[PDB]
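The chain that follows stands alone, in the form deposited without 2-amino-4-mercapto-butyric acid, written as structure tokens.
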């Protein structure tokens, strides 16, 4: 007998019923009861998929917005500003609106969770959702194992007084109180017949201190009386021996995303006093795997239990209806449902019951000169050439993203002649240029009205990459993304933005920047082959992006912006593995940005702090970098002030693009005065924090005007 496990199966539904029910309820189109009914149909759908493939059925997985927030509610972590917890009304207020909790990436994934705010050191059992869901399935005659976020990971993903609760001394006191609630929750489940509880402790894979593990031992020693199964994933466990010494009868490990877990098990072994649950089916990549080999690993691991490596919700629901994919691709794919089925086949087998798309020229082309990663001349030399060619005034102004998209624009996109559309875009671009000239901007953008996503736009134009029809993946709340699929050698068969950029530039005398997405970002928002090293794929895409950079140059574009939000976002969970990663990330960006001395390269990143990556940022060969400085009132400039030898230009974002309230010239002035207390005035550009697509035209116009005015006052 081989016990099969599974978790994280998508909750959105094959037709995104989850999304429709959420928005319908928010819009007031359906009652809260109807919402519940819709949610229950999804519960049954999830449970039926599990039942048909594995032995252990999870429960408490269908969060109405975010499971981390659910955990916060369970333990009473409800900020005072929300008042008395009234249920869904309060729930959604914590999740969205003007008083909502902070949203951030869940580890190194595509999913975003809501950050709990710990205002009091006393947790109490506010609502036992695990017991509720447990009983709901019991009523339908189905036994289930509650899925909960562990006490350690919960605190690790939360903050107090605006700071992370990650230091042992910070967590110690809180944990004692926190564990108590978990104790009450587990006690209530066992009394009602719960046989197994699935505890998720992914934070065990972060670079922890020995001191953290001493805390983790106390926490679990107190929970030893309960039938708990601990899961860890996304990377290897920081301290193997300490983890396997934990008083828990069964432990799950991720043997897919890393090689360290296996090596440690081979060196130290696994306690005959516990059972191993082998996470051997990838939950973040869509490829079919040779089950004979997975079976070998299980046997080697000595484990008698299997499951997916990490949550399955990072994959689409099912491959079933993807019949318009390139030739030969579907047969090599496997989504959430197919993964579940892969675990069943693996179960049966174990119990005894039972060169694709490769471009040789391109691959070799990328494989074979250092100079490809280094621009001909150093910054100081390029700066002079560029400044003489652009002739820009002190404190130049610009924007670094897409402009708002009116309903007519959005509608025009969906609605039908390839010429009527291309004509509609140019009319939009034309108006965009005129508006920028009227307000007084110095460097312009074409608006990007023809783009819906900064990665899908290019993926559709890249060879070796495919797009799906129903491959939706939950991003956060009710927002879903459709990740592209890099299945073969990547190459660019024809210019991707020339038409739009060129046309925009012919309408004005001022410089219009090219707008591109970096290679690491294109790779990280999409699924990709595991047969070849990440570096290679990144380089191939970078090559492709560079060919575009050159066409823009030949066409006469004097400035090109390259957005690489993944620079830090795709960085490993373990900072200890950052050196290796940043080595190729930096190379990838530079290969794509390897432009002529006279071409001004702009790098854009919406990070709230550069203290931890400034050393890596410094190796990127851009000429100017835009940052978000409004929130910190420019204090975010410190990382740059303290970097001895910093000399490149900085685009200082002086307006929070996430707030509709127009900023006052006086407020923006405070930000600029702050940044120029140390750095030379010639390095400073003035611009908004980030993209403008989520804003309205009547909020932008005035804001941009106030920005231009302050620019002049500054002179």
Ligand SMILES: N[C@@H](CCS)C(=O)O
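Residue numbers count along the first chain shown, from 1. Throughout, rigid core stands for the largest set of C-alpha atoms superposing within 1.5 Å between the two forms.
*Higher-deviation stretch (C-alpha RMS, rigid core fit) in 5 other deposited structures of this protein, choosing from 216 to 224 and 401 to 409*: Comparing 401 to 409 with 216 to 224, the larger C-alpha deviation in 5 other deposited structures of this protein belongs to 401 to 409.
*Is residue 84 a gap in at least one third of the other compared entries?*
no, residue 84 modelled in all other entries.
*Go through the other compared entries with residues on either side of residue 416 and state whether a third or more give it no coordinates.*
Yes, left without coordinates in at least a third.
_Neighbours in the displayed sequence, residue 368 and residue 369 may still hide a gap; how many deposited residues lack coordinates there, none, 1 to 3, 4 to 9, or 10 or more?_
In the deposited sequence, 1 to 3 residues between these two have no coordinates.
*asked:* If I compare the deposited sequence with the modelled residues, how many are absent between residue 508 and residue 509: none, 1 to 3, 4 to 9, or 10 or more?
replied: Gap size class: none, per the record.
_184 to 192 or 211 to 219, whichever carries the higher mean Cα B-factor_ = If you average the C-alpha B-factors of 211 to 219 and of 184 to 192, the larger mean comes out for 184 to 192.
*asked:* Per the record, averaged over C-alpha atoms, which has the higher B-factor: 373 to 381 or 570 to 578?
replied: Comparing 570 to 578 with 373 to 381, the higher mean C-alpha B-factor belongs to 373 to 381.
*Per the entry, which of 31, 59, 63, 49 tops the list for Cα B factor?*
When the deposited C-alpha B-factors of 31, 59, 63, 49 are compared, 31 is largest.
_Per the entry's Cα B factor values, which of 399, 468, 318, 502 stands out as the maximum?_
The listed residue with the largest C-alpha B-factor is 502.
*Entry-reported Cα temperature factor of residue 41, expressed as the chain third it lands in*: It belongs to the middle third of the chain when residues are ordered by C-alpha B-factor.
*Tell me, lowest, middle or highest third: where does the Cα B factor of residue 87 rank within its chain?*
Answer is highest: the recorded C-alpha B-factor places it there.
*Divide the modelled residues of the chain into thirds by Cα B-factor and specify which third, lowest, middle or highest, holds residue 177.*
Answer is highest: the recorded C-alpha B-factor places it there.
*Comparing against every modelled residue in the chain, figure out the third that the C-alpha B-factor of residue 687 lands in (lowest, middle or highest).*
CA B-factor rank for residue 687: middle third.
*For residue 25, does the deposited CA B-factor place it in the lowest, middle or highest third of the chain?*
As the PDB entry reports it, the C-alpha B-factor of residue 25 lands in the highest third of its chain.
From this point on, the text means the form deposited with 2-amino-4-mercapto-butyric acid bound, which you will not see here.
*Determine which one of 266 to 274, 488 to 496, 286 to 294, 558 to 566 lies within 4.5 Å of 2-amino-4-mercapto-butyric acid in the deposited complex, judging by heavy atom distances; exactly one does.*
Heavy-atom contact with the partner occurs in 558 to 566.
*Quick one: does residue 614 come within 4.5 Å of 2-amino-4-mercapto-butyric acid in the deposited complex, counting heavy atoms only?*
Judged by the heavy-atom cut-off of 4.5 Å, residue 614 is well away from 2-amino-4-mercapto-butyric acid in the deposited complex.
*asked:* Can you tell me whether residue 401 touches 2-amino-4-mercapto-butyric acid? I mean in the deposited complex, with a 4.5 angstroms heavy atom cut-off.
replied: The answer is yes: residue 401 has a heavy atom within 4.5 Å of 2-amino-4-mercapto-butyric acid.
*Taking heavy atoms and a 4.5 Å cut-off, does residue 56 contact 2-amino-4-mercapto-butyric acid in the deposited complex?*
No - in the deposited complex, heavy atoms of residue 56 and 2-amino-4-mercapto-butyric acid never come within 4.5 Å of each other.
*Taking heavy atoms and a 4.5 Å cut-off, does residue 606 contact 2-amino-4-mercapto-butyric acid in the deposited complex?*
Yes, residue 606 is a contact residue.
*Of 280, 454, 552, 174, which one comes within 4.5 Å of 2-amino-4-mercapto-butyric acid in the deposited complex, counting heavy atoms only?*
Looking at 280, 454, 552, 174 one by one, just 454 meets the 4.5 Å heavy-atom criterion.
*So which of 69, 47, 672, 690 reaches within 4.5 angstroms of 2-amino-4-mercapto-butyric acid in the deposited complex, heavy atom to heavy atom?*
Residue within 4.5 Å of the partner: 690.
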